[PDB]
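Q: enclosed are the sequence and the experimentally obtained structure.
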Amino acid sequence: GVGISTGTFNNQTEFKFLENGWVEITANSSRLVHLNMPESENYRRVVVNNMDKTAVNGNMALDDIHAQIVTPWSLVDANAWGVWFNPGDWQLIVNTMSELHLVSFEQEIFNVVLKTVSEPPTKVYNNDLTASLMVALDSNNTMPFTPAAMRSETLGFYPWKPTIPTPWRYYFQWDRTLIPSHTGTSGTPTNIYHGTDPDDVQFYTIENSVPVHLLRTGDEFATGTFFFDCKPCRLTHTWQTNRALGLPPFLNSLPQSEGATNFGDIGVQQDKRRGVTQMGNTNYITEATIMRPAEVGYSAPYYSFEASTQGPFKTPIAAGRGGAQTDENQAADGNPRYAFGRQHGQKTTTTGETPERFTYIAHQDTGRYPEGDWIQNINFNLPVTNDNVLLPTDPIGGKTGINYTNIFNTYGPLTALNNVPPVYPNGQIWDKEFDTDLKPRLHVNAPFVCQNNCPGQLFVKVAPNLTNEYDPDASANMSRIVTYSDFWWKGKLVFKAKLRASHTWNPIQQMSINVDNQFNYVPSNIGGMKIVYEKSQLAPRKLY
Amino acid sequence: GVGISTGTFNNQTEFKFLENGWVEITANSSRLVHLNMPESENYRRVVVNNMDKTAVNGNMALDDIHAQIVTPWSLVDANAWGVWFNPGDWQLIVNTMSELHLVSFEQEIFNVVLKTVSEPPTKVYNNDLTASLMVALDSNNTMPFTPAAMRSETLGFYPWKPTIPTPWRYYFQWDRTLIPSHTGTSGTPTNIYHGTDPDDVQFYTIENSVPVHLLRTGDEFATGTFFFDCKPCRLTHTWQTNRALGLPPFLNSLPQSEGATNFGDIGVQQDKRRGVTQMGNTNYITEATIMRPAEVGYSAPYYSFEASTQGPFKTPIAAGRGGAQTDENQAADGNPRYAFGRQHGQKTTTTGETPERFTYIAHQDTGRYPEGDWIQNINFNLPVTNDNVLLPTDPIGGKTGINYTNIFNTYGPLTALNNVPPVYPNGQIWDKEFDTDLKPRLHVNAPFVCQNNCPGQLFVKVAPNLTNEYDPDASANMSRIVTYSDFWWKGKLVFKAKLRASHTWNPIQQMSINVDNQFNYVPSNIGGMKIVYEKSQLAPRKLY
Amino acid sequence: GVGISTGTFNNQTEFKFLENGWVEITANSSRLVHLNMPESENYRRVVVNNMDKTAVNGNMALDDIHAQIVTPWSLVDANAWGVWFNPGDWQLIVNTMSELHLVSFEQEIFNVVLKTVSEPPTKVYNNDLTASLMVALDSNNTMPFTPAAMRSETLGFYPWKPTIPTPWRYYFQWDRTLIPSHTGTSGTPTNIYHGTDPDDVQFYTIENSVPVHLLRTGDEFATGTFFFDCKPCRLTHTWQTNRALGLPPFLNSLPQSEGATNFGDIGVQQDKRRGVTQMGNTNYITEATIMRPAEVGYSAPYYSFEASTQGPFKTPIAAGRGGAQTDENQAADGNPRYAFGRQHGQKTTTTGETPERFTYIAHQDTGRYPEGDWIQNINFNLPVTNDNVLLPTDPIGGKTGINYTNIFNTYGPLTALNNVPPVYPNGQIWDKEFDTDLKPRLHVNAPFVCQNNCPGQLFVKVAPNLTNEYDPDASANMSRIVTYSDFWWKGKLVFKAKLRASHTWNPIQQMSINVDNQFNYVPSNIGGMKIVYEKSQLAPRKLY
Ligand SMILES: [Ca+2]
Ligand SMILES: [Ca+2]
Ligand SMILES: [Ca+2]
Ligand SMILES: [Ca+2]
Ligand SMILES: [Ca+2]
Ligand SMILES: [Ca+2]
């Protein structure tokens, strides 16, 4: 009914402690989504082209060619930590728990309203009570999956501020070639957009693949409750790298007085020691030689682009880096860098139109430091001669800036690593699994990955508001009455975490407020706000 | 439904006499609350600063520094005697009863309506039937408690006049220093606002702490019925001060003829009398010496400011004063002074913008008269020499205007006193108890204090009315359609009083109308009105 | 049996999460108590006397006279946080919970062993399997209560290090006088130890008041399980001082641009404002004038010694202080200062024999800053003249260093304050209540206070090991065989805490390890260790 409300705004989280310390966190989100009528009621296929840019020689990475079907539908996407937990709850979940399990997820659209604008320099807005807002929910997932969180196009992270959905659009198959080159490269590299291969053509439309519901003021649509099925994320980090795995060499000479220079001592000739190693040659048994069960971490090619059918692309790393030898200044390939607008973090009161960025660097020691790597000649005669050793300092291919470690992959049967950690408050939450016959061991964008099917996509769109003049048989773009619309949105994501227990004697790391961050969690005398990213795996944990 | 009313205006009290004379007074209140859209849809943190003023030297008391979170929500507060009883009922409850007990309290919001304004010099108002009024009810009390009655910001005291709620805002932790000084004080006293201590930072938002309900014309929200749990107020006053406690000395010579100068007479040398005293020294047993069981009242420091973390503040007194030696002209520390606007008392037809004030002076003799105090030397040799006596006339610290009684506290185990009386029609009714481990024996602002939890707070706010243009990703303050709203409010406060009985031969005090006040309870030929404060503990009562 | 163990060393804590988040923390403690034979098998009455010291004039505070009954029994006391939680668990209990409730407490003595020493320069130790260790347990509390934790004489805070019980001794009634004096004081002040008043003489002996159990190797004694009955401690702190209580003045001019100097503004003449105050005089309504319900905190006399029967003693304060204006440098009367040895904190590897000290300064803003206090003349005419104001700068009694605030007590009916917080790891846990007819509202040494009866005291003592020569009828101190003894001790203290929930948007304070404290929770290359004190009420909480 017009004068009747059809739902309830609620943005309240709820920790429900149960038996055996397994809390049941119920995060509720409500927002006031705002929505205008499409630029055109049509589906368009468009090609983005920037030859000129990549045509520079030694500029291949700045490639941007591609094609896309530009649907007239907007997409309401709430997949991002910043939509379900304020900083206050994120500090709770991160300090006290150890593992999170995604459980359900339900959402509805209530209190819909549609209005229409009129001139002159004085616009006038009046309800159009018979108009309709279209909602459609691709539940089976006939529609291609497009996680908005990857281009900061999710929902507002502040409950007390309106928000908006993103215009949906998806990738359309296209061939394209482009040969790599540096600056000194002579001539012109084949840089061409070939076109399309019919065998891979796929044009989707909501109309034909999903049942669209029309809603009027008095209406309201609510999805069902979906239950995720997939592995538990953890909120602990490991630090033991292959070098701190096992039983330490038994010292024979323990130091006799406190002193930053009083080191105990193994006390046994490197080649007279007992133990095991994989070096059939020597009899040396050092910390870098002894034999650790397997290998934490792996070495992968850095800033290497591979390329197929549609063009060059970076070769994703799952380890990253980190360390007393990074400090974000040394931030290398691996550590993800988030760039975002005012809706999700950047100081609202901030003008100018430059994104806000931060490079997340996890607490886990499982990435590598290439500098220290090296390779010796099987014979193993040390001190190693220059001819028998290949360092990260020696050039490869003849390039001064390229070393062996730059094309090195050490990923093998004995590799062990962890899944990407949650990145509050800009990270994705769940991601759909690849429909390939052999799937990845992890997605580098999401902590959780629905095994079976992921929740479906929810699309909305303001129904066409025809005037009194209209003739389809004409080429002229139809003309509609200006009509925008506002409606409320409310989801409910429910994870089930497990409490933590202290095993150490020493206290551990804990997220906390200090005289230094103190002002990142309060608004400005203007009403300015901002959400500063938090790390999510504070406490350590034995790996072996 | 739009064309349907959803409630009933009722401002009618009801005394329901039961068995054993224990009436059940049911005061009902209805008002037509009026409400505009927030200045900004944001929460702001602001600091009030008036260095300049307190920077005068000998001006510390006029300090006004502090910080506050300025929420975009209004608060409907009906906590004040002037909202539930007209003068007519207040005369009833005060003349015939003896003790009041707070019992329940329920309230609802019915008949909501939202409108929108349009130009030119001719404004035009039209219903926006799809718009929504937001109501939220912090029942658990997650929200900080802010009794409006302390700044005359409660609801209208006249049922036949519209009214409005107050913009909510609460105190935000902040340090600050300021050294006391008088005029002759040389140099500059450390007068600085230090800032904030993170460890005490608390930013609350309704959105995240309470479920907000959206209402449309056809909607209506009603809270539940809460049952207060706390001590009974009384409507009698005591007069016996330590000097009229017990068995009077037995007179030996009763006067023989009427005469303002015919005093009877004890007839026994002050040092040959029998009885008890606490003066191990002397053998004198006068009315000022004999031993009364305990001590009615206590002496406290007057116009003394103490100071902690956030600045100087007056040290509240719970006794006040009063007497044939006050007459409000002598009104000292203790007696509260109320200052208020047209909504609650000041003559409506009165122009100019100066508040209306009155200093309430209770009927109970339990305060003190410092003038008459004094201290003698243990030896007790009278007439007391100047060296053995310290009077309220002798200067302390060397200040001509400061005497010993000015820093004197006589509050001790034997102290007895009463709880603050009801102050019609500007006084608060109930107050929430301090969440401290050791609580006060009384609040000096409320007669009743909920032991457990006090009724929750009700906040309302006009939902954002977005136009057709809006982009969150921009720093510019959003722009909304002008929208105000009106709705009805109705509460029901139910106390349960007990009737009184005459024990004396002489009649007692009674509130009544006379040729002198006669025109404070009728309107003016203009429609002018006003509510004059009434005392509430008319009849006397034996203390011991 | 000799070759049979009679118990189990266990120093393991256990958090048992139940329904509604109310964990059940079970702290277990085991230690290897070590014990020698008494210096003499007799009870002695001794008098400590240091006239000479206090006889200095202006040295009264350094008084140490008293008498004591020196029993031949040792006392095993485990009353101290440092005995039940390592830092690791203390960080858990403090960061995640909100209130603790003491629940039970049981303890036993198992695996007893007695040995005996023999010469020459070569001592030889041999089991004396028939010898006996005496254990006695004053359960009814016939014995005077002596909490060892007040002189750092509790049990070892490290499970992997042996420990020892304290020689028991208790206060014996004695009169004594001593007149206060400063340096310039002429002549000699009456400084005398008067002796004893028979009417207060009380000589207690374990033998006559408790059943002593003899134990041999194969024996083992276990007490019962006692259930404490007393109030819950809290792990939150308040910050609102009278100045941040209530509804903040409604600002009329909110600032228009971010700026450390952009303060909003009340915008209404200090004497034209509405509201309530207790100043019958003026019409000013400032933040230091308006009327707050009651008064958080109280002002008490500082570094004031009172004196009765047995001599001068400091007048304990329950508020302390703290603030941006203390920093421990300003640490004044109130904040307790702990001094301790290697057994409980001081760096074990540290030589020299100076105690380790730290002044605990709580997070709660409920103490005062005397500097800012002041008093005005009732008339209230500001700017305040020097004659009408008495500041903390003006001398009292004629002493340059004494001001009015130095003898000021503002404790009155309206006072509100909290109970002392837990002081890890040197603080006492429970304390016995005074057997007075009117008891204190709090003990300043313990967070918990058994209402009924406190657990009883456990005393141990090595039974007399007579030689072949012995004649009681002789004055010569008997002669025994040298005999020491070792035994194990194990208690189990069980509190029941309640989990916490986030209400704020901003994260809160949390105990945590950082590059700065990092080495206070790990041992030294020598085996050095130490326990650094932790604060226990991290998170804030609305007071009103
Ligand atoms: Ca093909
Ligand atoms: Ca690390
Ligand atoms: Ca602090
Ligand atoms: Ca009177
Ligand atoms: Ca006596
Ligand atoms: Ca503080």
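A: Looks like it arrived, so ask away. Numbers count the residues shown, from 1 in each chain, chains lettered A, B, ... in the order given. Ligands and ions are numbered 1, 2, ... in the order given.

Q: how many neighbours does the residue of the stretch 251-400 of chain A found nearest ligand 5 have?
A: Closest residue of the stretch 251-400 of chain A to ligand 5, C-beta to the ion: residue A:258 (58.8 Å). In this view, the C-beta of every residue, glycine as well, is placed from N, C-alpha and C. By the measure other C-beta atoms under 10 Å in any protein chain shown, the count of residues near residue A:258 is 14.

Q: and the one 3 residues further on, by the same measure?
A: Here the number of neighbours of residue A:261 (other C-beta under 10 Å) works out to 5.

Q: now residue A:117
A: 15.

Q: now swap in residue A:158 and tell me
A: For residue A:158, the tally of surrounding residues (other C-beta under 10 Å) stands at 28.

Q: how about the helices of the stretch 1-150 of chain A, start to end?
A: A:51-54, A:81-84, A:87-96 (DSSP state H, counting those that start in this stretch).

Q: the longest one and chain C in contact?
A: Yes. Applying C-beta under 8 Å from any C-beta of the partner chain, one finds helix A:87-96 touching chain C at A:87, A:88, A:89, A:90, A:91, A:92, A:95, A:96.

Q: could you dump that helix to PDB, C-alpha only?
A: Only the C-alpha atoms of helix A:87-96 are listed here, as PDB (Å, rounded to 0.1, in the frame of the first residue of the first chain):
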ATOM      1  CA  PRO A  87      35.700  -0.900  12.700                       C
ATOM      2  CA  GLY A  88      34.300  -1.600  16.100                       C
ATOM      3  CA  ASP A  89      33.200  -5.100  15.300                       C
ATOM      4  CA  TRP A  90      36.200  -5.800  13.100                       C
ATOM      5  CA  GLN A  91      38.400  -5.300  16.200                       C
ATOM      6  CA  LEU A  92      36.300  -7.800  18.000                       C
ATOM      7  CA  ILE A  93      36.300 -10.600  15.500                       C
ATOM      8  CA  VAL A  94      40.000 -10.100  14.800                       C
ATOM      9  CA  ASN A  95      41.300 -10.000  18.500                       C
ATOM     10  CA  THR A  96      39.300 -12.800  20.100                       C
END
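
Q: report the distance from it to the chain centre.
A: With C-alpha atoms, centre = their mean, to the nearest Å as the basis, helix A:87-96 stands 20 Å off its chain's centre.

Q: out of the helices of the stretch 1-150 of chain A, flag the one nearest ligand 1.
A: Of all those, helix A:51-54 comes closest under C-beta to the ion, at 24.1 Å.

Q: can you say which helix or strand has the residue positioned nearest the centre of chain A in it?
A: Nearest to the mean C-alpha position of chain A, counting by C-alpha atoms, centre = their mean, stands residue A:445 at 3.5 Å. Counting by DSSP states H and E, residue A:445 is held by no secondary-structure element, helix or strand.

Q: burial count for the residue lying closest to it once chain neighbours are set aside?
A: Of all residues not flanking residue A:445 in the chain, residue A:428 sits nearest, at 5.2 Å (C-beta to C-beta, 6 or more residues apart in numbering or on different chains). Look at residue A:428: counted by other C-beta under 10 Å, it has 22 neighbours.

Q: tell me the contacts of residue A:428?
A: Going by C-beta atoms under 8 Å, 6 or more residues apart in numbering or on different chains, residue A:428 touches A:79, A:80, A:147, A:149, A:150, A:445, A:446.

Q: and those, which of them are buried?
A: A:79, A:80, A:147, A:149, A:445, A:446 (16 or more other C-beta atoms under 10 Å in any protein chain shown).

Q: which residues does the nearest residue to the first one once chain neighbours are set aside contact?
A: So the one you mean is residue A:79. Leaving aside its sequence neighbours, residue A:79 sits nearest to residue A:149 (C-beta to C-beta, 6+ apart; 5.1 Å). Taking C-beta under 8 Å, 6+ apart, we find residue A:149 in contact with A:77, A:79, A:80, A:426, A:427, A:428, A:429, A:445.

Q: can I assume the second one is in contact with residue A:432?
A: What it means is residue A:79. No. Under the criterion of C-beta atoms under 8 Å, residue A:79 makes no contact with residue A:432, lying 10.4 Å away.

Q: ok, how many other residues are close to whichever residue of the stretch 51-200 of chain A sits closest to ligand 5?
A: Evaluated by C-beta to the ion, the stretch 51-200 of chain A has residue A:96 as its residue closest to ligand 5, separated by 60.1 Å. By the other C-beta under 10 Å criterion, the neighbourhood of residue A:96 contains 23 residues.

Q: these two touch, right, it and residue C:94?
A: No. Between residue A:96 and residue C:94 there is no contact under C-beta under 8 Å: 11.9 Å.

Q: quick one: terminal-to-terminal distance for stretch A:415-431?
A: One end of stretch A:415-431 to the other measures 24 Å (C-alpha to C-alpha, to the nearest Å).

Q: give the buried residues for it.
A: Those would be A:417-431, for stretch A:415-431 by 16+ other C-beta under 10 Å.

Q: how about stretch A:20-28?
A: For stretch A:20-28, burial by neighbour count (16+ other C-beta under 10 Å) applies to A:21, A:22, A:23, A:25, A:26, A:27, A:28.

Q: of these, which is the nearest to residue A:270?
A: Nearest to residue A:270 out of those is residue A:21 (C-beta to C-beta; 48.5 Å).

Q: please verify my assumption that the closest one contacts residue A:499.
A: Yes. Counting by C-beta under 8 Å, residue A:21 does reach residue A:499; the two are 3.6 Å apart.

Q: overlap in contacts, the two.
A: residue C:17.

Q: could you pull out the strands for the stretch 101-250 of chain A?
A: Along the stretch 101-250 of chain A, counting by DSSP state E, counting those that start in this stretch, strands occupy A:102-118, A:124-127, A:133-138, A:166-167, A:170-171, A:175-178, A:191-195, A:212-215, A:221-227, A:233-234, A:236-237.

Q: close to ligand 3: what parts of the stretch 201-350 of chain A are there?
A: With C-beta under 5 Å from the ion as the criterion, the stretch 201-350 of chain A does not meet ligand 3 at any residue.

Q: up against chain C, what does the stretch 201-350 of chain A have?
A: For the stretch 201-350 of chain A, the contact set with chain C under C-beta under 8 Å from any C-beta comprises A:254, A:255, A:256, A:257, A:258, A:259, A:262, A:264, A:349.

Q: now list the buried members of these.
A: By 16+ other C-beta under 10 Å, these give residue A:349 as buried.

Q: for the residue nearest to residue A:214 when sequence neighbours are not counted, what are its contacts?
A: Distance criterion C-beta to C-beta, 6+ apart; nearest residue to residue A:214, sequence neighbours excluded, is residue A:132 at 4.2 Å. Neighbouring residues of residue A:132 by C-beta under 8 Å, 6+ apart: A:114, A:214, A:215, A:216, A:463.

Q: closest to residue C:407 among these?
A: residue A:114 (74.2 Å).

Q: quick one: the closest one and residue A:483 touch, right?
A: Yes. Assessed by C-beta under 8 Å, residue A:114 is found in contact with residue A:483 at 6.1 Å.

Q: for chain A, which residue gets nearest to ligand 6?
A: For chain A, C-beta to the ion, closest residue to ligand 6: residue A:515, 11.7 Å.
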